[PDB]
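Q: Take this structure first; my questions come after.
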Amino acid sequence: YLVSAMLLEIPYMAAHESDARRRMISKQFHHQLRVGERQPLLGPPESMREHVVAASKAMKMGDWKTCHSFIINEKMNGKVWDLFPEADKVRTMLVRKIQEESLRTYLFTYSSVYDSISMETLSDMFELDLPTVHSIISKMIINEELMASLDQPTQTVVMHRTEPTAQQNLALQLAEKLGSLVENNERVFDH
Amino acid sequence: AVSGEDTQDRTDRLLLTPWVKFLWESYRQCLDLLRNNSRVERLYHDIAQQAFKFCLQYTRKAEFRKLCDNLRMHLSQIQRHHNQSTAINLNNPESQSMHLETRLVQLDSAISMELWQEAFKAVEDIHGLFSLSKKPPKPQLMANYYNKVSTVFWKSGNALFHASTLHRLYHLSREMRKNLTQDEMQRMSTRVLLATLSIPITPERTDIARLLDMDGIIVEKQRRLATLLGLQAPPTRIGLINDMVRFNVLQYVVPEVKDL
Amino acid sequence: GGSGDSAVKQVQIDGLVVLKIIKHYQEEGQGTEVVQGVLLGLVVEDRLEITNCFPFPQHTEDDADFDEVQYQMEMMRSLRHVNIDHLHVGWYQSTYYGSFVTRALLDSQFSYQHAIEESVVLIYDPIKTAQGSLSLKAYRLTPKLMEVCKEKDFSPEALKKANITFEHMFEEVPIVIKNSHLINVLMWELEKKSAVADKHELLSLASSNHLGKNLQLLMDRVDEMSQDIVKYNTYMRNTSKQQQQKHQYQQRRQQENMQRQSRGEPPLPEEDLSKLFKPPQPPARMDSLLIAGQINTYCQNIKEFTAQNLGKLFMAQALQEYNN
Amino acid sequence: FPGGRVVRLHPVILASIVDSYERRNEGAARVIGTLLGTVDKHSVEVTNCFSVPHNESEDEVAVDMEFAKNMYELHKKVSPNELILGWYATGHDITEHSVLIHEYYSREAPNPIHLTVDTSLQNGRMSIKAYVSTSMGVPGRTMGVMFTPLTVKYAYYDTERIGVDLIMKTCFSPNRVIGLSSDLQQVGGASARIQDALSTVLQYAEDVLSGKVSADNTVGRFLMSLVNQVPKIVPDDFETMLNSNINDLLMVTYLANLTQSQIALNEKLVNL
């Protein structure tokens, strides 16, 4: 359950802190996590929930090289790894999804700092072949509301954006539109 | 094979586990009703240290109750004055046994068994005396606190709070060697080389534990750590090296690193 | 004359008070609320002249905490016994928010102004320093609320006070307009600090340069405005939501259940109709936001004005300085 | 080198002496108090001060040091940074009567700090004259008057430096606080205008016949540095980046008025 949650909710919350925050919904793991995330004493992990928290912090920093022990070593330590003959399939799926999202949890934050990208460095950083990486970036820019442009045949990507201070513009835009579209309910009560 | 454990526990539950529960219950019956200084005489401290050693030798599960019971014994006597029971304020053989001699082994047992929250509760167990037992002098050979606590405060706090603990150790042990009599040359350069070099290592305990929800009054979480080092706010950047290099530190430090 | 409503005249604060205010640093920490001193003064030419202040301390270990009035009583004798007075016509604070007259400052002011009416409250623009206008703010409490003073009501009984419709955008007096007459020894400092050496002027002027280039000034002000103001906006909206649902949306359902009841019956008294029709506890015009919150809409507008203005001056200076 | 040599005074000491000397404190032209602050081994760091029950006459002195215990107890609670340092007085530096004030201060243990504020009309007086004793051995008749004079270096802690300058501007011309950054603006280009006057005089000293020794390469370094600050270097990429920054700042300053408008509109519907 928690790895099926992690391998969606972290690139999803990285998009929310790229101000795509209107997709937030209650009962998701963020409220459950808070009772541990509020505590200062967060030393090295020694429980399956703490191994998910350490994998979550590494993934919330965009890192799949540290996560190799959370995928393998800690599943062996918890005696969870051995329980399926399909664990060899799960290992491959985990690695491929973790490569896709350790890219995206970097992209959603680094979008203020980008300008253009070498697709060769993506295949060296995230292991995936260029035929596969061509689909992966296309599936993002078609759907996830980012401002990039893609050059698959010249092994290249583009963004050219401005204003890294946009979080104030966007937070006040939300503060004001949840004014004008909330304000009208008082008139509908009055009539 | 989906839920079945390997056979070692399966034989030891058949023949051993009733006996480890009997030892736990045997230590737990006498050091509550009878043996502790809720009265005025027969010293329990030879026995009180052994239950933590038992958690490491057999099974760690008993430490959580141990600690809360050793804390309950501490809470029953500090200011309660329930009877003529021996005061913490002058009787040094008893008082320093209640401050140090169980709690050194509590901290060592907690960090050896990876119990980081219980280890921090065991630095709060002494700090809850350092705020209350204020009229006696400092406990004997004070350096035995600061040189040990550095390794738990590294993993539970940070490398920066560890290096600031080496500053507190330095400014104390600069004078305390007048009672801790020594002529060893090897400790002089070693004390300073660790205390200046380990400072720059990490400012970025980054706000990813905060940003996904509301702001709160969370300044507490910096203040609590800093309070154990004696500050209202945590340690502050390259000035921590400048406060050392103000003195002969750049000449006490080892010749291979002097110019760094 | 130049009086407001009631006997209380305009205030003036002598520079000797402003220096005794400024001797206290900003550095308590990030920020916590403390009343930093009482203001002492007397009715003179055009104004209440604040001649002097003594700083009123509090405990500041992490939170703030109070202490015995042995301080204030002994210190107000300490001011009296040199030459004879004790004259508390206001109090001041220098807390992190900017200038902001919070609900607690209104309650503390309500107790102060009802006891002594010749009084004002002071706030100063901190080392926060957005600095466009108005480094010192005066504010009196309206007489119209003081006539109905003991405490406010956790119940609809406030509605009889709300129908007076007393001010919550009320007038603030202009503190400084003419010379305070004790300008004269600090006038004689200026020649000694200026005409003979560079050593003592430039260290007061050097602050402006680094108020521009250094880290995120207007950006952090607009960031805190992106945090303070949206929290107040959301609060009024969900406060207004629930009360307007008691005002209309519940009466909407109860009117239909009255129509299902046929509005009363022959055989028995209208008990189930009367058990449907009970007044909901939040009235029209819930008083705390409509007054004290709206004193802070005015402060929020004035923080937005203050942050804007320094920005306007740069937008003129930047293009035109480079235009050469 | 033996000890104290310089005082690092600042505005609130002088403001508290003047607020004790004007108003009144029993004495007319002669008024006294106990200065507070701290020292750093050759400098004095005076932080704030307060007057005390006093009466000096040509045969009398009254220092109720018990009040300077009360005031010290009180001011310790105000901030930990104060210490009982010495004393201050008005009007004249040397008298036999001033030897009594040193005895009253010798009832406390530390090194004394005698300050005289000499309020003459004349520019030939520095406003405050600072002194400390020497040859303070073992008791003769009372105490000595062979004082070591002290220099000044000013420049104590930050926020007070703007406070005195606002008052010094007010001493020259009384003005209303709503204009203060516009006043910094319109004295801004005035500096560039009086610069245009001086730069003319420094050119004109070479234009007439001979001169300009007061300028040359130091003024050259000042002006080259000035144009390397304000404005920056001169590509047109900078002009467009400067324009985009003003269009962003204007869009932010605009958004602050958009939020004033919505601070209004929600405040308005609840008032119906």
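Each chain in the structure tokens gets a letter, A, B and so on, in the order shown; residues start at 1 in every chain, and ligands are counted from 1 in the order they appear.
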Within 9 Å of segment 65-70 of chain B, counting only C-alpha atoms, which residues qualify if same-chain residues fewer than 2 places away don't, as a ChimeraX atom specification?
A: /B:28,32,48,51-52,61-63,72-75,102,106,118,122
Q: Identify, with DSSP run on backbone atoms, the residues in segment 165-247 of chain D assigned to helix (DSSP H, G or I), and express the list as a short mmCIF file (atom, residue, chain, number, x, y, z; two decimals) with N, CA, C and O atoms, in the first residue's frame.
A:
```cif
data_model
loop_
_atom_site.label_atom_id
_atom_site.label_comp_id
_atom_site.auth_asym_id
_atom_site.auth_seq_id
_atom_site.Cartn_x
_atom_site.Cartn_y
_atom_site.Cartn_z
N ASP D 165 19.54 61.06 13.67
CA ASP D 165 19.54 61.80 12.41
C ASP D 165 18.14 62.34 12.07
O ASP D 165 18.03 63.48 11.63
N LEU D 166 17.07 61.58 12.32
CA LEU D 166 15.70 62.10 12.17
C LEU D 166 15.48 63.35 13.04
O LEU D 166 14.87 64.33 12.60
N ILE D 167 16.00 63.34 14.27
CA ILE D 167 15.93 64.50 15.17
C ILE D 167 16.81 65.64 14.64
O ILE D 167 16.33 66.77 14.58
N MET D 168 18.04 65.39 14.18
CA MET D 168 18.91 66.42 13.60
C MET D 168 18.30 67.08 12.35
O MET D 168 18.33 68.31 12.24
N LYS D 169 17.66 66.32 11.45
CA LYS D 169 16.85 66.89 10.36
C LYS D 169 15.70 67.76 10.91
O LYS D 169 15.49 68.87 10.43
N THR D 170 15.01 67.29 11.95
CA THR D 170 13.92 68.05 12.61
C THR D 170 14.42 69.33 13.30
O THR D 170 13.71 70.33 13.30
N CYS D 171 15.66 69.34 13.82
CA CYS D 171 16.30 70.53 14.40
C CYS D 171 16.53 71.62 13.35
O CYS D 171 16.30 72.80 13.62
N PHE D 172 16.94 71.23 12.13
CA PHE D 172 17.07 72.13 10.99
C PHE D 172 15.70 72.61 10.44
O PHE D 172 15.53 73.81 10.22
N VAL D 177 5.94 63.15 9.22
CA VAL D 177 6.55 61.82 9.00
C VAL D 177 6.00 61.02 7.80
O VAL D 177 6.62 60.05 7.37
N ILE D 178 4.86 61.40 7.21
CA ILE D 178 4.30 60.70 6.03
C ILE D 178 5.15 60.87 4.75
O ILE D 178 5.01 60.07 3.82
N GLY D 179 6.05 61.86 4.69
CA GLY D 179 6.90 62.15 3.53
C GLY D 179 8.31 61.55 3.55
O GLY D 179 9.07 61.81 2.62
N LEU D 180 8.71 60.77 4.57
CA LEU D 180 10.14 60.50 4.83
C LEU D 180 10.94 59.81 3.70
O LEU D 180 12.08 60.21 3.46
N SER D 181 10.39 58.85 2.95
CA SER D 181 11.12 58.32 1.78
C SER D 181 11.08 59.24 0.55
O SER D 181 12.04 59.26 -0.21
N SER D 182 10.04 60.06 0.38
CA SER D 182 10.07 61.14 -0.62
C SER D 182 11.11 62.21 -0.26
O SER D 182 11.76 62.75 -1.15
N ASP D 183 11.35 62.47 1.03
CA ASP D 183 12.43 63.37 1.45
C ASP D 183 13.81 62.78 1.14
O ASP D 183 14.68 63.47 0.61
N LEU D 184 14.00 61.48 1.36
CA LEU D 184 15.20 60.78 0.91
C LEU D 184 15.36 60.81 -0.63
O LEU D 184 16.47 60.81 -1.14
N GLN D 185 14.26 60.89 -1.38
CA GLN D 185 14.29 60.96 -2.85
C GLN D 185 14.74 62.34 -3.35
O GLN D 185 15.60 62.45 -4.21
N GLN D 186 14.16 63.40 -2.79
CA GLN D 186 14.34 64.76 -3.29
C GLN D 186 15.58 65.43 -2.72
O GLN D 186 15.95 66.51 -3.18
N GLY D 188 18.06 63.18 -2.76
CA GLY D 188 18.84 62.26 -3.59
C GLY D 188 19.46 62.96 -4.80
O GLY D 188 20.67 63.11 -4.88
N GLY D 189 18.62 63.47 -5.70
CA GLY D 189 19.07 64.26 -6.85
C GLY D 189 19.70 65.60 -6.47
O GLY D 189 20.50 66.14 -7.23
N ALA D 190 19.41 66.13 -5.27
CA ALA D 190 20.11 67.29 -4.71
C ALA D 190 21.60 67.01 -4.47
O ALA D 190 22.42 67.89 -4.68
N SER D 191 21.95 65.79 -4.04
CA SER D 191 23.34 65.35 -3.91
C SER D 191 24.00 65.32 -5.28
O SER D 191 25.12 65.81 -5.42
N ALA D 192 23.31 64.83 -6.31
CA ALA D 192 23.78 64.86 -7.69
C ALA D 192 23.89 66.29 -8.24
O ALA D 192 24.69 66.53 -9.14
N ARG D 193 23.10 67.23 -7.71
CA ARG D 193 23.12 68.64 -8.12
C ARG D 193 24.27 69.38 -7.48
O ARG D 193 24.99 70.09 -8.16
N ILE D 194 24.50 69.19 -6.18
CA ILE D 194 25.67 69.75 -5.48
C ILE D 194 26.96 69.02 -5.92
O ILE D 194 28.03 69.62 -5.97
N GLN D 195 26.87 67.77 -6.38
CA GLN D 195 27.94 67.10 -7.12
C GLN D 195 28.22 67.80 -8.45
O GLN D 195 29.38 68.02 -8.78
N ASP D 196 27.19 68.21 -9.20
CA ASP D 196 27.35 68.96 -10.45
C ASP D 196 28.01 70.33 -10.21
O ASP D 196 28.70 70.86 -11.08
N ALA D 197 27.79 70.93 -9.03
CA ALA D 197 28.47 72.16 -8.60
C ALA D 197 29.95 71.92 -8.30
O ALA D 197 30.81 72.69 -8.74
N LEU D 198 30.28 70.84 -7.57
CA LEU D 198 31.65 70.55 -7.17
C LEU D 198 32.49 70.03 -8.34
O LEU D 198 33.60 70.50 -8.56
N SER D 199 31.94 69.11 -9.13
CA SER D 199 32.55 68.59 -10.34
C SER D 199 32.88 69.72 -11.32
O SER D 199 33.98 69.76 -11.87
N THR D 200 32.00 70.72 -11.44
CA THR D 200 32.29 71.97 -12.16
C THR D 200 33.49 72.67 -11.57
O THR D 200 34.40 72.97 -12.31
N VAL D 201 33.53 72.91 -10.25
CA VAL D 201 34.67 73.61 -9.61
C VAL D 201 35.99 72.85 -9.77
O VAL D 201 37.03 73.47 -9.95
N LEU D 202 35.95 71.52 -9.77
CA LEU D 202 37.13 70.68 -9.98
C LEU D 202 37.58 70.63 -11.45
O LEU D 202 38.78 70.65 -11.72
N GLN D 203 36.66 70.64 -12.43
CA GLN D 203 37.01 70.94 -13.83
C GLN D 203 37.53 72.37 -13.99
O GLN D 203 38.58 72.60 -14.59
N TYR D 204 36.82 73.34 -13.42
CA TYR D 204 37.05 74.77 -13.62
C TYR D 204 38.41 75.20 -13.08
O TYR D 204 39.00 76.15 -13.59
N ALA D 205 38.95 74.49 -12.09
CA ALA D 205 40.29 74.74 -11.57
C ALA D 205 41.41 74.43 -12.59
O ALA D 205 42.47 75.06 -12.54
N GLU D 206 41.19 73.51 -13.53
CA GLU D 206 42.06 73.29 -14.69
C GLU D 206 41.70 74.22 -15.87
O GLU D 206 42.57 74.57 -16.67
N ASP D 207 40.44 74.65 -15.97
CA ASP D 207 39.97 75.49 -17.08
C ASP D 207 40.57 76.88 -17.03
O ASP D 207 40.96 77.41 -18.08
N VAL D 208 40.65 77.47 -15.83
CA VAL D 208 41.14 78.83 -15.63
C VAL D 208 42.64 78.89 -15.90
O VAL D 208 43.04 79.50 -16.89
N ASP D 216 42.09 65.06 -9.02
CA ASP D 216 42.81 64.15 -9.93
C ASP D 216 42.43 62.66 -9.74
O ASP D 216 41.26 62.31 -9.84
N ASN D 217 43.39 61.76 -9.46
CA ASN D 217 43.14 60.31 -9.43
C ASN D 217 42.27 59.82 -8.25
O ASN D 217 41.61 58.80 -8.40
N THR D 218 42.20 60.51 -7.10
CA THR D 218 41.26 60.10 -6.03
C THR D 218 39.81 60.33 -6.47
O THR D 218 39.01 59.40 -6.44
N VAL D 219 39.50 61.51 -7.00
CA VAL D 219 38.19 61.81 -7.62
C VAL D 219 37.93 60.92 -8.84
O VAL D 219 36.82 60.42 -9.01
N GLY D 220 38.96 60.62 -9.63
CA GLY D 220 38.87 59.62 -10.70
C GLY D 220 38.44 58.23 -10.20
O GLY D 220 37.52 57.64 -10.76
N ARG D 221 39.04 57.73 -9.11
CA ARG D 221 38.64 56.46 -8.45
C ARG D 221 37.23 56.53 -7.88
O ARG D 221 36.46 55.58 -8.06
N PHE D 222 36.85 57.64 -7.24
CA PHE D 222 35.49 57.86 -6.73
C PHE D 222 34.46 57.77 -7.86
O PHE D 222 33.50 57.02 -7.75
N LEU D 223 34.67 58.49 -8.97
CA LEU D 223 33.73 58.52 -10.10
C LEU D 223 33.70 57.21 -10.90
O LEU D 223 32.61 56.73 -11.23
N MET D 224 34.84 56.56 -11.17
CA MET D 224 34.84 55.26 -11.84
C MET D 224 34.08 54.22 -11.01
O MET D 224 33.16 53.57 -11.51
N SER D 225 34.38 54.12 -9.71
CA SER D 225 33.63 53.28 -8.76
C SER D 225 32.13 53.63 -8.72
O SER D 225 31.29 52.74 -8.74
N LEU D 226 31.78 54.93 -8.72
CA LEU D 226 30.39 55.40 -8.71
C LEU D 226 29.60 54.90 -9.92
O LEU D 226 28.46 54.48 -9.76
N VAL D 227 30.20 54.92 -11.11
CA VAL D 227 29.54 54.47 -12.34
C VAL D 227 29.63 52.96 -12.50
O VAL D 227 28.83 52.37 -13.21
N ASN D 228 30.54 52.29 -11.80
CA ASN D 228 30.53 50.83 -11.69
C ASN D 228 29.49 50.32 -10.67
O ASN D 228 29.15 49.14 -10.68
N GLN D 229 28.94 51.19 -9.81
CA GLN D 229 27.78 50.89 -8.98
C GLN D 229 26.48 51.28 -9.67
O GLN D 229 25.63 50.43 -9.95
N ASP D 236 22.49 46.84 -23.91
CA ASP D 236 21.04 47.07 -23.97
C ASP D 236 20.26 45.87 -23.44
O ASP D 236 19.06 45.96 -23.19
N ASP D 237 20.94 44.73 -23.27
CA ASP D 237 20.43 43.57 -22.53
C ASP D 237 20.12 43.92 -21.08
O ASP D 237 19.11 43.46 -20.54
N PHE D 238 20.95 44.77 -20.48
CA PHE D 238 20.70 45.34 -19.16
C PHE D 238 19.46 46.23 -19.18
O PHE D 238 18.64 46.14 -18.28
N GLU D 239 19.26 47.05 -20.22
CA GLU D 239 18.10 47.95 -20.30
C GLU D 239 16.80 47.17 -20.35
O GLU D 239 15.82 47.55 -19.72
N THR D 240 16.79 46.05 -21.09
CA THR D 240 15.61 45.20 -21.25
C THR D 240 15.35 44.39 -19.99
O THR D 240 14.20 44.21 -19.59
N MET D 241 16.41 43.92 -19.33
CA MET D 241 16.35 43.22 -18.05
C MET D 241 15.90 44.15 -16.92
O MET D 241 15.06 43.77 -16.10
N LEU D 242 16.37 45.41 -16.92
CA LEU D 242 15.91 46.49 -16.04
C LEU D 242 14.43 46.78 -16.29
O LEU D 242 13.66 46.85 -15.33
N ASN D 243 14.00 46.85 -17.55
CA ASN D 243 12.58 47.03 -17.90
C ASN D 243 11.73 45.86 -17.44
O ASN D 243 10.69 46.07 -16.82
N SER D 244 12.16 44.62 -17.69
CA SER D 244 11.43 43.43 -17.24
C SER D 244 11.34 43.37 -15.71
O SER D 244 10.28 43.04 -15.18
N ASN D 245 12.39 43.76 -14.99
CA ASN D 245 12.33 43.88 -13.53
C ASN D 245 11.34 44.97 -13.08
O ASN D 245 10.57 44.73 -12.16
N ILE D 246 11.27 46.13 -13.75
CA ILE D 246 10.26 47.16 -13.44
C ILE D 246 8.85 46.68 -13.81
O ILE D 246 7.92 46.91 -13.05
N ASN D 247 8.66 45.97 -14.93
CA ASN D 247 7.37 45.39 -15.28
C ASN D 247 6.93 44.30 -14.29
O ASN D 247 5.74 44.18 -14.01
#
```
Q: Return the neighbours of chain C among the residues of chain B, cut-off 10 Å, counting only C-alpha atoms, as a list in words.
A: residues 215, 219, 220, 223, 232 and 233 of chain B
Q: Could you take the residues named above and write them with N, CA, C and O atoms, as a JSON list (two decimals), in the first residue's frame?
A:
```
[["chain", "number", "residue", "atom", "x", "y", "z"],
["B", 215, "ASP", "N", 2.40, 26.59, 8.78],
["B", 215, "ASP", "CA", 3.58, 27.15, 9.44],
["B", 215, "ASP", "C", 3.79, 26.69, 10.90],
["B", 215, "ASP", "O", 4.87, 26.21, 11.25],
["B", 219, "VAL", "N", 9.22, 26.68, 15.95],
["B", 219, "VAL", "CA", 10.49, 27.23, 16.49],
["B", 219, "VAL", "C", 10.96, 26.51, 17.76],
["B", 219, "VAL", "O", 12.16, 26.37, 18.00],
["B", 220, "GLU", "N", 10.03, 25.92, 18.53],
["B", 220, "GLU", "CA", 10.29, 24.96, 19.61],
["B", 220, "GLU", "C", 11.36, 23.90, 19.27],
["B", 220, "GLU", "O", 12.19, 23.57, 20.11],
["B", 223, "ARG", "N", 14.70, 25.36, 19.41],
["B", 223, "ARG", "CA", 14.91, 25.81, 20.79],
["B", 223, "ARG", "C", 15.23, 24.66, 21.75],
["B", 223, "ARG", "O", 16.10, 24.82, 22.60],
["B", 232, "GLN", "N", 19.26, 29.90, 23.84],
["B", 232, "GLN", "CA", 17.89, 30.17, 23.39],
["B", 232, "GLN", "C", 17.70, 29.95, 21.87],
["B", 232, "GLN", "O", 16.57, 29.79, 21.40],
["B", 233, "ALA", "N", 18.80, 29.91, 21.11],
["B", 233, "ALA", "CA", 18.84, 29.65, 19.67],
["B", 233, "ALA", "C", 20.07, 28.77, 19.31],
["B", 233, "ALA", "O", 21.07, 28.79, 20.02]]
```
Q: Which residues are close to segment 88-98 of chain C, i.e. within 8 Å by only C-alpha atoms, leaving aside same-chain residues fewer than 6 positions away? Reply as a PDB file with C-alpha atoms, in the first residue's frame.
A:
```
ATOM      1  CA  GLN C  26      14.445  44.494  17.640  1.00  0.00           C
ATOM      2  CA  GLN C  30      11.766  36.015  15.314  1.00  0.00           C
ATOM      3  CA  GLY C  31       8.880  37.878  17.056  1.00  0.00           C
ATOM      4  CA  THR C  32       6.567  37.887  20.144  1.00  0.00           C
ATOM      5  CA  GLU C  33       4.116  40.546  21.494  1.00  0.00           C
ATOM      6  CA  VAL C  34       5.224  42.753  24.489  1.00  0.00           C
ATOM      7  CA  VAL C  35       4.098  46.268  25.629  1.00  0.00           C
ATOM      8  CA  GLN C  36       7.588  47.872  25.686  1.00  0.00           C
ATOM      9  CA  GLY C  37       6.808  51.000  27.777  1.00  0.00           C
ATOM     10  CA  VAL C  38       4.351  53.632  29.030  1.00  0.00           C
ATOM     11  CA  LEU C  39       4.250  57.161  27.492  1.00  0.00           C
ATOM     12  CA  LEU C  40       4.374  60.104  29.946  1.00  0.00           C
ATOM     13  CA  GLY C  41       3.230  63.627  29.005  1.00  0.00           C
ATOM     14  CA  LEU C  42       1.026  66.686  29.657  1.00  0.00           C
ATOM     15  CA  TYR C 112      -6.585  51.950  29.375  1.00  0.00           C
ATOM     16  CA  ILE C 116      -7.774  57.625  31.558  1.00  0.00           C
ATOM     17  CA  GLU C 118      -6.439  61.757  27.843  1.00  0.00           C
ATOM     18  CA  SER C 119      -4.470  58.932  26.152  1.00  0.00           C
ATOM     19  CA  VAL C 120      -3.202  57.489  22.801  1.00  0.00           C
ATOM     20  CA  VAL C 121      -1.483  54.197  21.704  1.00  0.00           C
ATOM     21  CA  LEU C 122       1.884  54.265  19.836  1.00  0.00           C
ATOM     22  CA  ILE C 123       3.404  51.880  17.252  1.00  0.00           C
ATOM     23  CA  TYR C 124       6.778  52.356  15.392  1.00  0.00           C
ATOM     24  CA  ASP C 125       7.988  50.844  12.022  1.00  0.00           C
ATOM     25  CA  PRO C 126      10.647  48.259  13.239  1.00  0.00           C
ATOM     26  CA  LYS C 128      11.664  45.570   9.312  1.00  0.00           C
ATOM     27  CA  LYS C 303       1.054  47.846   5.035  1.00  0.00           C
TER      28      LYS C 303
END
```
Q: Quick one: residues within 12 Å of residue 82 of chain B, only C-alpha atoms counted, chain neighbours fewer than 5 positions away excluded, as a list in words?
A: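 The residues that qualify are residues 37, 38, 39, 40, 75, 76, 77 and 87 of chain B.
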